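Data block below; observations after.
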Amino acid sequence: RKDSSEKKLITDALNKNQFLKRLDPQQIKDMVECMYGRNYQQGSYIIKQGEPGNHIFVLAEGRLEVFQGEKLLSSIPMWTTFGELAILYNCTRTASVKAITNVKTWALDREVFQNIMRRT
Ligand SMILES: Nc1nc2c(ncn2[C@@H]2O[C@@H]3COP(=O)(O)O[C@H]3[C@H]2O)c(=O)[nH]1
Ligand code: NA
């Protein structure tokens, strides 16, 4: 369900990110075009610490909080990219991300991201 206005929102979210804003505009456009919706019910984990990363996400609606074990670190601001660290640095997920309310995201698969990155 991704129209002109939603693509602008995703584009602007991606360009907030210190890494992604250094990408070519076409690479950002590719990311947006290749993203798909993933929604999560309150209580579910989007990301679990120590797992391999398989997506980059943009938060589109709802509340997401970041934890390391039982320690609460942050609430992810709306229309912000997350889950980029494990993908960009090939470390495991640095922290868990949990849906505090029902959440909507736009997701990009790792393999598609890596395909886009290779046009650098
Ligand atoms: N470690 C950490 N990750 C955060 C924080 N806020 C948001 N995040 C995001 O949560 C993500 C969890 O997966 P990644 O480690 O791959 O990438 C992480 C960041 O994008 C924070 O305060 N600490
Ligand atoms: Na920890």
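Once C-alpha pairs closer than 8 Å and six or more residues apart are averaged by separation and normalised to the residue number of the chain, the relative contact order reads 35 percent.
Once you have a ≥ b ≥ c as the square roots of the Cα gyration tensor eigenvalues for the chain, tell me rounded if a/c is under 1.5, and otherwise prolate or oblate according to whether a/b is larger than b/c. It is oblate, given that a/c is not under 1.5 and a/b is not larger than b/c.
Going from the fewest other Cβ atoms within 10 Å to the most, the residues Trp106, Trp79 appear in the order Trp79, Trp106. Okay, helix-only estimate at 222 nm for the chain: each DSSP H run of n ≥ 4 adds -39500 (n - 2.57), divide by all residues, round to 500 deg cm²/dmol; what do you get? After summing the helix terms and dividing by the residues of the chain, the value is -9000 deg cm²/dmol. In the range 69-120, what GluC sites (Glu not before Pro) fall in a loop by DSSP, with at most 16 other Cβ atoms inside 10 Å? Hits after loop and neighbour filter: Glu70.
FYI, it's all coordinate maths here, none of it is from the lab. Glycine also receives a Cβ, built like all others from the backbone with ideal geometry; neighbour counts cover every protein chain displayed.
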